[PDB]
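Chain nomenclature is as follows: A, B, C, D, E, F, G, H, I, J and K, assigned in order of appearance, with residue numbering initiated at 1 for each chain independently.
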Amino acid sequence: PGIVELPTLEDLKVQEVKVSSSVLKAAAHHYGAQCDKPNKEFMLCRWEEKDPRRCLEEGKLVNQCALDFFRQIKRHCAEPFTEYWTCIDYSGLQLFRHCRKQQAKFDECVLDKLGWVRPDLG
Amino acid sequence: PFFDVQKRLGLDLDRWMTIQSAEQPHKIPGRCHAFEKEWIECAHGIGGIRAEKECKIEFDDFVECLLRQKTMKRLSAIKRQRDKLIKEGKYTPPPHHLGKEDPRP
Amino acid sequence: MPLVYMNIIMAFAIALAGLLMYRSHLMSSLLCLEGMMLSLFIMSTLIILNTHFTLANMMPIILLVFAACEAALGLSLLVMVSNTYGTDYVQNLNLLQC
Amino acid sequence: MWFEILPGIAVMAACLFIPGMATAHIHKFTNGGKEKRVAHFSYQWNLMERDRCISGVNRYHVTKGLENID
Amino acid sequence: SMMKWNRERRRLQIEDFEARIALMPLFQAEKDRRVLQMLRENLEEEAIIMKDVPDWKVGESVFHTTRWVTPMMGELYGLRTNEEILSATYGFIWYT
Amino acid sequence: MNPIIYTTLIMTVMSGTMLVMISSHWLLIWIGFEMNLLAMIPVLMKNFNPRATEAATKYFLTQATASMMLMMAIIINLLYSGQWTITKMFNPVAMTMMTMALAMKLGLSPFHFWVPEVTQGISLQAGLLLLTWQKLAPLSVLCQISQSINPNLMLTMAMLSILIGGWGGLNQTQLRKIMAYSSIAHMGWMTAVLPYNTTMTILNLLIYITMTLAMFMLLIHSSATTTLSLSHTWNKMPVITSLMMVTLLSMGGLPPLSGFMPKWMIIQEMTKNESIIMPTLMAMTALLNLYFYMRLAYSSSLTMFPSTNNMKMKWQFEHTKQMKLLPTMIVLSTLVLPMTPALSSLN
Amino acid sequence: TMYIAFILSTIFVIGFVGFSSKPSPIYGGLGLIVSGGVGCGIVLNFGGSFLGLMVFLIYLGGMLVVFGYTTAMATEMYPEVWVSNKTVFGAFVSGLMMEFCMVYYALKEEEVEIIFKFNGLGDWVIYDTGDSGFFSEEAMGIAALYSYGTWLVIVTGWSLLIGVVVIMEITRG
Amino acid sequence: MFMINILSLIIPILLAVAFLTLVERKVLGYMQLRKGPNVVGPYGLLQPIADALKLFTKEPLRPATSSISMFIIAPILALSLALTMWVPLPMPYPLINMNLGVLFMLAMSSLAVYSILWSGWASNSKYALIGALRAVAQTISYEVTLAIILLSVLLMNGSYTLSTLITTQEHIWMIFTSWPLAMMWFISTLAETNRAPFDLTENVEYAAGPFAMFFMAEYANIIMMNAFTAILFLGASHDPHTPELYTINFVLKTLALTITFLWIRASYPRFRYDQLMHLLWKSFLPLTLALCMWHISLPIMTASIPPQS
Amino acid sequence: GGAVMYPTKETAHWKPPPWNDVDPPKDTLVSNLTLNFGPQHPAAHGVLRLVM
Amino acid sequence: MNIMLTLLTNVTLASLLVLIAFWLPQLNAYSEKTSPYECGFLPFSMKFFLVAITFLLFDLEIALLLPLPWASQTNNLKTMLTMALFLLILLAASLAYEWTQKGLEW
Amino acid sequence: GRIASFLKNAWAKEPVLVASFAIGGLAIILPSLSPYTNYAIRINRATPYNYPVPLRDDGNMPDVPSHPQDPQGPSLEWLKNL
């Protein structure tokens, strides 16, 4: 039947968040709290349009907002964050429990400088 | 003699597993959930005789999702033409298809 | 269908052919019958996995259980027959005719 | 007396100790001096595959931090 | 003791799942962009390969419906290198 | 066998059939068939005999092969359709395989061979159960899939069943084997109209069940398994053999007995579908069934064979067992032709 | 190793020919153990870890071990291999030849059709691109038997219990 | 490097079995007021080497095997399965990490049973088959109870992953939670390996090398089963930075359990087949079923359902 | 009376089924094993033969 | 590939040892024991098979009991608990039947 | 009375079975008579295996939390206390 409509490569090129999984997991809780609105909007789009070719722009905003989130960390809490993710990186399962001391350090600075409050359980 | 005691007593004993579009544990979607949903919704109460012809398109697409026979045929044709071109030296697989260019995250 | 599905279905066909064409021992026929059950298990498992029929991943297990039950039955019949005759030869089952 | 058995038990103990130590050391040596990551579920493997792409050397052990961004 | 320990483990599991949920939208965005990129590359190279082929509508949907259909492994990594295909198919299963 | 255990096994057979007739999922239907087989083998071997063991083994082998083919067909239909409901099968090859399996379970020729042997091996009670209750589940499955049933294959199997049943019955002398071959022929009659009208199959099935119940119960009451052993019955209880004569004539289908109803309605439905050659051949071949029924009636009651001296002692004693259903079954299997318009109730 | 699944399926067919040739029971039982192990490998390759270990633990571990138990206690046979007397040897060779013809008609000719349509493309294509997250689809669905499939549990359990009863009644003499 | 890991798992286990022979000899002797091998090498350290060299030089006699083919496969299967069962075991990090390692172990033990059947059947010896079938019967009963106990104890682990057992027993050893199951499990392990009192003294047709390999496989299975018991019940502390601590503690636990295996061997008279099965069918099995009920109900009634992941 | 109503030459020799569904016991070979307690056996102390 | 490698290495190692134990040690010449396997000629007791069929059925029921650890994560805890207890009760009932009736003769 | 003697006789002769019946019986009665069973259900539901798909705000959903972490929405404080 019809020709599959596919977006051009140019319109799907976005600056990628080139961090490791351990780095993402260390800042995962804060990332969700800070970037909640853009992430939730994109999820709603993909869960209503049900087509990746309709929510490409929303995906871009998520990446851009994610980059801004890490940009603030670098300019305010660079050293404590490095300690946190490095500890998580070592653990094969990337367990949070093994790095609770480092987490407290990163949470404390981020609470003081950036004012971010880590989301609680559930 | 399908004594539909299930519907008479309003008890589900095996209807949960009849289709893959039914509720699955932890809301894990089926591979062809959308196609099966479309086919079932099309052929609801219109009768098997009418469903066989009227909802033919839905079932055809559903079967294509289930077995991917036509998709496999198309991909095989593409592969055959590509290999023929390679043998004649009329095609060069691009570096990203060769893996030279790093993938996107 | 993928070639793997073809091979499994062909395996079922071969086992059925062996079962229907007895040679001497009834034990060999039972082996062919159980092989067919194995082939059906593999076929159903692959189909369910590929379709992501999550709620139907329990079908192969139920098939396996009932398969081994009917086998327990076959073996019990085989030993009764062997104890009566002395061997499990299919030719021994000849009292009933037509 | 009874302590004469201890030599043989010690030799067997060293023999049994070799495997676990070898496994741990080889894991760390081949996984960038870190505990070998586990993939019990697809999400964990997806993180590994993403990490492999992020590294740029097709190795998941090397991890890129904030220095890689911007 | 096992009751208390298991309850704490459940709390930690919920925390880990929340971290996964927080990171999921970014991964979904990357996944969709990557899939579409691979599909486009395959489309362009398909045009180049089978342009000579008579009566070949490049990138013609095999389904009648215009609904988005999640691509199969062949539709994404069909013309990729064998090592990449092996990874995308059996990497997780063979990784032990 | 302990009576409680026997009751549990009988209920298990019934529950398997009920599951087959109650389920909407193919897997559950196959499960019901497996339960039927599992609970049927011990019932067949209630009276431990080498012949009983041979019959059980043959029955198990045939039913196991049938179940294997049935599950294979179900799996193929799942592969090509992703459906588990017992509806129109969406793969022709699966349809053919399932038809073969269900016919083997029924005993339709050319899968008839096991039926006479197993029937002869097992007891009269087990024979009754095998030839009446075990016919319900496969017929139910066939009725549910009648739309998808290939008319050509089913008609061929049914016609061959009628022919082979008649021929085999002509040569038999053992009462159980005669009953088995007649059962094959009647199953052919039942399945002939399956592609056309299922309600007629239900009607024929009910009449066949009543007739076979009456015949088997009369045989049990007379405790006879051969033509001569039944011939001796006239000296002791003439009523039983005369009622047997009536039931045999009904089984032949001679009007105005009940046996005419199923044949009459079947011919009606087949002629409505523009099929004239097939029903004509069916009746002309059922004449053979009538022939062996008439031979049995001759030996039993229409004529009197010599008896033995020991019969005098048996004259003094009276049968203690009382089969409550037998009178009603005899009446319903002989005088019900004035009640055909009740066919609508089946619909 | 892109066609590993196809190789396994061919070996599965070969083992099925081996035990379907009805050889000496001991040799056949092996023809089935080998095929069973291969089939488990195929299921694992598709990702059914639990089901793969199911056949290994139950079918191969118990069902075929009790089968071997019987062959050992009731041993009234002259041992022979699959490549023994022509009755078994010819059958094995012919089955292998039929399988090889199917394979050649399947690989050299992409659209092979004997009774069903088959495509010569590697089975890796049929695999679907998807993520289950922190899930084991197979395990979750099978565990749902206790939650969703209560009716299946009831029927299967009753069948098992009545099976024990039936086995005793049959093997009481 | 992975092949190096495989070799560093296989070779040390075989050497450990070889020295376990000497350890058993000496332990039994000193429990009998005797000195085990003490002449062949210092403290008998060269005794296993002497035994191996003598065996691989003794004239191998042929046992008229009905099927050399099968008679040769049985040793291969036993040894290969024994070696494979060590792979999933977490010494803190396992060689091959399986989400269902426990079921893999159970399946491997189940296949091992075939070695017994194949050996006796191919031996062409009435007494051999009888004894083999007795072994089949013994291993038959152990598998049921072993599986039930393993399932029940893993109901608090949260999965079949072997590595998770370390985390579950991080604070308290599992035995303190399931000690009756531990007792039945240990006795079932004794039954599995036919270690006394579940021996059937009086595959003997195997000569020298073949016998030696069967002996090695059996003793490797002994060590592996004791290791499994250790991981299941006697949890060990694991520091992610220094795994050697866990390795040492685990090895010590396994050695203690093997020493208990020998200690039982020279403490109790051998059972009788009827008694062994009237244990593994009429004493253990009902208790295992009841305890399985308890270990299903307990996590739910105490809100202690372990994490799935 | 007979196996079949119209018998053939081969079927003529064939015997009608027994009156009771009980086919006669065939051979009735004893399965009682005759084991020998070989002297080498430990319990025999090397000098004991127990035909059992 | 790792697990396949482990299986291959183990099997090959075992087979190599079997080679060096079946064919290498028999190379050494040890005269010839001209000793024939003097054979001059069946305990198919149910006592063995019964142990086997009952094991098969109990193993089948054990197979149904395997998915229990993952089944504890279901929200419908009451229903799952009831079904698990039902399966265990049926196992106990099967054992009781055999014990009460003429079974467990082993 | 008579039952009490039977239990004593049973434990004297077949203690293993008596224990098995008791443990099995408690493993059935105790679950229903336990308050933590309700909690065990809640914990299983609480565990967020899959993503909480957001819903489009229509302006008439006060209870539904349109924010990262504010009072609206479910609370896991009960588990934290446990």
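Everything that follows uses one rule, which is that contacts are C-beta pairs under 8 Å (C-beta built on N, C-alpha and C of every residue); 3 or more make two chains touch, one makes a residue touch a chain.
Chain identities (UniProt): B = NADH dehydrogenase [ubiquinone] iron-sulfur protein 5; C = NADH-ubiquinone oxidoreductase chain 4L; F = NADH-ubiquinone oxidoreductase chain 2; G = NADH-ubiquinone oxidoreductase chain 6; H = NADH-ubiquinone oxidoreductase chain 1; J = NADH-ubiquinone oxidoreductase chain 3.
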Look at all chain centres (mean of CA atoms) and spot the one farthest from the centre of chain K.
I
Closest chain to the centre of mass proxy, which here is the mean CA position
G
Most heavily contacting chain pair (counted by C-beta pairs in contact)
C-G
CA centre of chain C versus CA centre of chain E: separation in Å?
39
Per the C-alpha centroid definition, the whole-Å distance linking chain B and chain I comes out as 61
The distance between the C-alpha centres of chain A and chain J, rounded to whole Å, is 51
Rounded Å distance, chain B centre to chain H centre (Cα mean)
48
Counting only residues that touch at least 2 other chains, which ones in chain C make the list?
1-2, 5, 9, 19, 29, 37, 50-56, 59, 61-62, 64-66, 68-69, 71-73, 75-80, 82, 84, 86, 95, 97
Among chain G residues, those touching two or more other chains are 1, 47, 50, 54, 57-58, 61-63, 66, 69-71, 73-76, 116-117, 119-121, 125-128, 130-137, 140-145, 147-149, 151-152, 156, 158-160, 163, 165-167, 170-171
Shared interface positions of chain F, touching two or more other chains:
27-28, 31, 34, 38, 41, 50-51, 56, 79, 82, 84, 120-121, 172
So, in the complex, the side of chain B touching chain D is made of residues 102-105
So in the complex, the part of chain B that touches chain G is made up of which residues?
13-14, 16-17, 24-26, 28, 31, 68-69, 72-73, 75-76, 79-80
Under the touch definition given earlier, write down the residues of chain H that touch chain K in their complex.
283, 286-287, 289-291, 293-294, 296-305, 307-308
Give the list of chain I residues in touch with chain J in this complex.
31, 33
Any idea which chain B residues touch chain F in the complex?
1-6, 13-15, 17-20, 32, 36, 48, 52, 59, 62-63, 66-67
